[PDB]
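A short worksheet on the structure shown next.
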There are 2 protein chains.
Amino acid sequence: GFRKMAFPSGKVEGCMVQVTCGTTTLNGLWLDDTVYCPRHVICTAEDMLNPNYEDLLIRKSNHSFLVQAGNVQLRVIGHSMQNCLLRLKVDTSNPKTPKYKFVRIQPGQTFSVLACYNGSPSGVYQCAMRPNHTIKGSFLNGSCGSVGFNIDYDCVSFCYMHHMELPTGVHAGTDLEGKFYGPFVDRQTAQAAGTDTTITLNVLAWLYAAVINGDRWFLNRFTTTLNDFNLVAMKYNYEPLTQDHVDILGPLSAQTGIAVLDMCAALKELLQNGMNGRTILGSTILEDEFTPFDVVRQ
Amino acid sequence: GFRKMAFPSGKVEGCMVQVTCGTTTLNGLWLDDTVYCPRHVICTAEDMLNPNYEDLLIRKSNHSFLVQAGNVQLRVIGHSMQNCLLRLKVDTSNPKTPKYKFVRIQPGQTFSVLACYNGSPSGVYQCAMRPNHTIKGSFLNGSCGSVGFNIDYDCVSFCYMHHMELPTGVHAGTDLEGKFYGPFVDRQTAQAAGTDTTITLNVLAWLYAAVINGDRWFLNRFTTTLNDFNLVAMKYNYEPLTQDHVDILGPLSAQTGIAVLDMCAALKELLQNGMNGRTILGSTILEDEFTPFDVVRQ
Ligand SMILES: CC(C)(C)c1ccc(N(C(=O)c2c[nH]cn2)[C@@H](C(=O)NC2CCCCC2)c2cccnc2)cc1
Ligand SMILES: CC(C)(C)c1ccc(N(C(=O)c2c[nH]cn2)[C@@H](C(=O)NC2CCCCC2)c2cccnc2)cc1
């Protein structure tokens, strides 16, 4: 009765366009009279190892970028580069543009992803920005340009644009000003995701979700200090817990009457003695892709 | 790299309206000039045990149904009942109506759910029609009228409307002609979901997904007959396997070169010897909410 929920994708579906440059097609985002898309759309098949993007873009004209919004083709009247994004000024302003904002998210935070291919939305799902700045997405060839987003009231907050797959099958991209999450670059190199860790804030939020949904078997009578917990957390590749996290879990702690450091003693016991065949909220592992905000929303 | 993916919900978001009758509010679906919604919206707070819906509806007029499409209120110009649904003819035809169809799904099949409250879409997620004709959804108070759907090309296939929660926390509803899935009724009674079972077709599809995504540890050298497998399946509360299922898994069998009855010997070994700490496609349990169609789509 508790699961990954994506935001309704209608407001973003209206802004999804196709952007073709030579032999390469990928998705872009059309807000007002601008189309944002990954700049590597101008990289050539021969030049994937060491492209110089300033160089490749001086050589382009407006007419080298085909932009198709569904049936209707848009005419480009200008172009520029912002970090790893390209900005294409088009003639028409998108009539379906929503109230929107560009935000840079932090590790642990979650968002919905609209997976698109050739400008055509195909799927929506929820995921989290990992601590190693990758995302565990479901992106196939030509998903580049797909965006990730959160919706509050009527206001879309774009936080991610997809650029590339890394060798482990996870994914890298940028915010909507083109700055990458993590130390990744939009070329073919030998770059790997660094070692990942488990998002302690999110596990604790989930245990509080489980308690609120009536499952309570993992609770215990013990307490722990923050330092005592962080020694167990380091052994099990979990992010250290901070006072800031303890503060964030306040409202959840009040609702259930279970002190945060009590919940931490509970989690520490789970990490040391396994789950021995039981299930939490339907899971047999410790979920770390729900935030404190996500749990309250559900 | 493989997960629950919902269809993009934009085409259904445009048809979500609010329907108020007295003290009760719930969601409805506005296609053309008709609004479909659960008939129990006319049930009164006093009459939940034994309402007579023919009786309660003769007593209503068009002006007892408030219909709000976002800001604008719609005027109702007629009303009738189709099984467990109410049909409200309104003055305006919905301009955002998509190409659409009403279909009745079968157990094991999956669909996307747009969770709505007070006409306002709030979330989208994927689920499956269980063999006991319930759905394991995430519906809170006033989600009634939320619909479930599949999209092919530009054509929305509405298959479920939500009506009620059953005592175990699972959910019952109807197709879009108002006929319930299962033997449930839209009153407060002592009705329970019957015992559920595991969707064997879907587990086998998932194992084929796992193989296609490079995970292969559970394969073995043995084969099984269909009858030999169904004796293990009965012991573990799994649906029997039929020739029709074997036929459905054909394309998946060809793509991976693993014969269906080979995959069944594999699954039988998983059921008898556990997973002993390993993971399939990121899971430590046997997923049964992906169809053969879902696996190919991803
Ligand atoms: C030029 C540059 C920056 C190296 C690049 C090249 C190819 C793509 N990939 C496009 O599919 C694609 C490219 N252009 C249109 N589509 C895919 C991709 O990342 N393969 C990686 C494997 C080789 C090493 C670098 C990239 C992809 C697959 C699945 C999900 N997401 C993306 C992305 C970036
Ligand atoms: C009149 C009738 C048919 C018995 C009924 C009554 C209440 C509702 N429930 C509305 O929330 C609701 C009702 N009208 C507007 N909202 C909820 C519901 O099922 N409680 C059940 C518990 C008591 C026994 C029967 C119903 C609900 C909760 C969470 C997710 N889904 C629905 C549904 C149907």
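All chains are named by letter (A, B, ...) in the order of the sequence lines, taking the proteins before the strands, and each is independently numbered beginning at 1.
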In this structure, OG1 of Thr34(A) is separated from CG of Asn94(A) (nearest 0.5 Å) by 10.5 Å
Can you list the residues that meet the side chain to side chain donor-acceptor pair (under 3.5 Å) rule with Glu239(A), with sequence neighbours excluded?
-> none
Exam field: side chain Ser146(B) to backbone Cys116(B), donor-acceptor pair closer than 3.5 Å | yes
Please report the shortest heavy-atom distance between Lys136(A) and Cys127(A), naming the atom on each side.
-> O-CB, 4.2 Å
Under 4.5 Å between any side-chain heavy atoms of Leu270(B) and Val203(B), yes or no?
-> no
So do the side chains of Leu114(A) and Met16(A) get within less than 4.5 Å of each other, counting heavy atoms only?
-> yes
Spacing of NE2 belonging to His171(A) relative to CE belonging to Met164(A), to within rounding of 0.5 Å = 10.5 Å
Short question: side chain of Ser9(A), backbone of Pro8(B) - any donor-acceptor pair under 3.5 Å?
-> no
Where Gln109(B) and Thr291(B) come nearest, the two heavy atoms and their spacing = CA-CG2, 4.0 Å
Is the side chain of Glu289(A) donor-acceptor paired with the backbone N or O of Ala128(A) at a distance under 3.5 Å, no angle test?
-> yes
For residues 192-210 of chain A, pull every pair meeting salt bridge (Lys or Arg N to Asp or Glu O under 4.0 Å), keeping only residues two or more places apart or in separate chains.
-> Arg130(A)-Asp196(A)
Spatial distance of atom CD (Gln126(A)) from atom CG (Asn150(A)) [nearest 0.5 Å] | 6.5 Å
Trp206(B) and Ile280(B) have their tightest heavy-atom pair at CZ2-O, 3.2 Å
Check: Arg3(B) main-chain N/O paired with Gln298(B) side-chain donor or acceptor under 3.5 Å | yes
Taking side chain as C-beta onward, heavy atoms only, is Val296(B) less than 4.5 Å from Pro251(B)?
-> no
Return the set of residues passing side chain to side chain donor-acceptor pair (under 3.5 Å) with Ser143(A) (not counting sequence neighbours), or none when no residue passes.
-> none
Just by distance, do the side chain of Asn213(A) and the backbone of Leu281(A) share a donor-acceptor pair under 3.5 Å?
-> no
Residues at least two apart in sequence or cross-chain that pass side chain to side chain donor-acceptor pair (under 3.5 Å) with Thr174(A), listed by chain then number, are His163(A)
Could you check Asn118(A) against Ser120(A) for side-chain hydrogen bond (donor to acceptor under 3.5 Å, both in side chains), going step by step and ending with a plain yes or no?
-> CA-CA 5 Å; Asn118(A) 311 288; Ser120(A) 198; over 6 Å; no
Assert yes or no for the condition that the ring centre distance of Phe2(B) to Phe290(B) is strictly below 6.0 Å.
-> yes
Contact summary for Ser138(A) and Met5(B), nearest pair of heavy atoms = CB-CE, 3.6 Å
Is a side-chain N or O of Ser157(B) found less than 3.5 angstrom from the main chain of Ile151(B), in a donor-acceptor match?
-> no
Drop me the distance from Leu56(A)'s CG to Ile42(A)'s CD1, to the nearest 0.5 angstrom.
-> 5.0 Å
Would you find a donor on one side and an acceptor on the other, under 3.5 Å apart, between the side chain of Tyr181(A) and the backbone of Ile105(A)?
-> yes
Check: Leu286(B) and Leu267(B) side chains under 4.5 Å, non-hydrogen atoms = yes
Donor-acceptor pair, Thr224(A) side chain versus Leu261(A) backbone, under 3.5 Å?
-> no
Check: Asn83(A) side chain, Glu177(A) main-chain N or O, donor-acceptor pair, under 3.5 Å = yes
Could I get the full list of ring pair (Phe, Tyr, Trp, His ring centres under 6.0 Å) partners for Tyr117(A), not counting sequence neighbours?
-> none
Over all atoms of both residues, closest heavy-atom pair of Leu31(A) and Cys15(A) = CD2-SG, 3.7 Å
Could you give the distance from CG (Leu252(B)) to CD1 (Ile258(B)), rounded to the nearest 0.5 Å?
-> 10.0 Å
When every non-hydrogen atom of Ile199(B) is compared with those of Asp288(B), the smallest separation belongs to N-OD2, 3.0 Å
Quick check: does any side chain N or O of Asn27(A) sit under 3.5 Å from a backbone N or O of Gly142(A), one acting as donor and the other as acceptor?
-> yes
For the residue pair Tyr160(A) and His162(A), does the interplanar ring angle fall in the parallel (under 30°), tilted (30 to 60°) or perpendicular (over 60°) class?
-> parallel
Residues that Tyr208(B) engages under side chain to side chain donor-acceptor pair (under 3.5 Å), provided they are two or more places apart | none
Minimum side-chain heavy-atom gap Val103(A)-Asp175(A) below 4.5 Å = no
Would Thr134(A) and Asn132(A) count as having a side-chain donor-acceptor pair, cut-off 3.5 Å?
-> yes
